[PDB]
Amino acid sequence: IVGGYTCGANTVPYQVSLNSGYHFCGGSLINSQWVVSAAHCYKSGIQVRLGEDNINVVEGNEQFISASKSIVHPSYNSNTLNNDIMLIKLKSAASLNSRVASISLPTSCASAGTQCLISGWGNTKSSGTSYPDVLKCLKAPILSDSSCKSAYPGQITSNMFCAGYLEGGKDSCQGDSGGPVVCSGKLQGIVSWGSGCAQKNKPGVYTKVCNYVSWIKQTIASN
């Protein structure tokens, strides 16, 4: 997250870290058994880390749970990042508490201008590299579809939306991929892609979660 702020320990209790020997992506807990992330975060041997603040220090509220299975969306296209969504099942159910909590799925899309909370452990610099140890947060509005498509002509599908600031300086980053965009108490987006981070007229692009709720519900019910 570039241009954001330190969230505060466990203030985003649905935020998970995906670990394969190191943090590599975010995710969101959607019930005690299931995490949603980005398909471009797929790899084998994922351990889900819940209750994290400082990802480099055991602080006492963590749960580390191996994934038993990962399911990439059937229509995921790695060339265009269309349908950039994946589900991860936990080998054992998480223990829900004030620091480890699920986020509700949306019933409908959010309107342009709605304020959202974006979070993750990604790079905090727009040109250089500096990775934080504690969770970072950004408040960012949903941008109009026209401003989103104007920024990325030929590249935005109906399964994507933009959020952030056309003036730059505030964006998600590499390392935030797969993490949540939460608006009005619902998981509206997944950190997906963008043109670098915090550049001018190139806002962040996010998977449009509301388009996938039927697939999420059917897939988790059958797995």
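Any read-out appearing in this document is the output of simple, stated calculations on the displayed coordinates, not a laboratory observation. For neighbour counting, all protein chains shown are included, and Cβ atoms are generated from backbone atoms with ideal geometry for every residue, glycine included.
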| field | Cβ pairs under 7 Å, 6+ apart, first in the range 46-74 and more than 20 Å from residue 84 (Cα to Cα), second of a type in the set (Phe, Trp, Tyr) and in a loop (DSSP other than H, G, I, E, B) | value | 55/121
| query | Among 89, 69, which is touching a helix residue (DSSP H, G or I) at 6+ places or on another chain (Cβ under 9 Å), farther than 19 Å from residue 138 by Cα and assigned to a strand (DSSP E or B)? | reply | 89
| request: Search the range 26-64 for residues being of a type in the set (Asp, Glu) and under 15 Å from residue 12 (Cα atoms), and hand back the single one that is farthest from the chain's Cα centre (by Cα). | output: 62
| task | Kindly provide the set of residues from the range 193-223 that are buried (at least 17 other Cβ atoms within 10 Å of the Cβ) and among the basic types (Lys, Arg), ordered by number. | result | 202, 208
| task | Out of the residues in the range 191-223 that are among the aliphatic types (A, V, I, L, M) and in contact with a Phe, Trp or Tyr (Cβ under 6 Å, 6 or more places away or on another chain), state the one that is nearest to residue 160 (Cα to Cα). | result | 205
| message | Taking the criterion of being under 22 Å from residue 49 (Cβ atoms) and in contact with a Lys or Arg (Cβ under 6 Å, 6 or more places away or on another chain), would at least one residue in the range 93-108 satisfy it? | response | yes
| note | How many residues of the range 155-192 are within 25 Å of residue 131 (Cα to Cα), in a loop (DSSP other than H, G, I, E, B) and more than 12 Å from the chain's Cα centre (by Cα)? The answer is 7
| Condition test on residue 190, is it farther than 22 Å from residue 126 by Cα, buried (at least 19 other Cβ atoms within 10 Å of the Cβ) and of a type outside the set (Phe, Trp, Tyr)? | no
| task | Given the conditions (1) of a type outside the set (D, E, K, R); (2) within 20 Å of residue 191 (Cα to Cα); (3) in contact with a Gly (Cβ under 9 Å, 6 or more places away or on another chain); (4) assigned to a loop (DSSP other than H, G, I, E, B), report the number of the one that residue 79 does not fulfil. | result | (3)
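Among the residues of the range 149-173, which ones are surrounded by fewer than 24 Cβ atoms within 10 Å (Cβ to Cβ) and closer than 18 Å to residue 85 by Cβ?
155, 156, 157, 158, 159
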| query | Name the pairs whose Cβ atoms lie under 6 Å apart, with the first residue in the range 99-120 and farther than 22 Å from residue 13 by Cα, the second assigned to a loop (DSSP other than H, G, I, E, B), and 6 or more positions between them or separate chains? | reply | 112/144
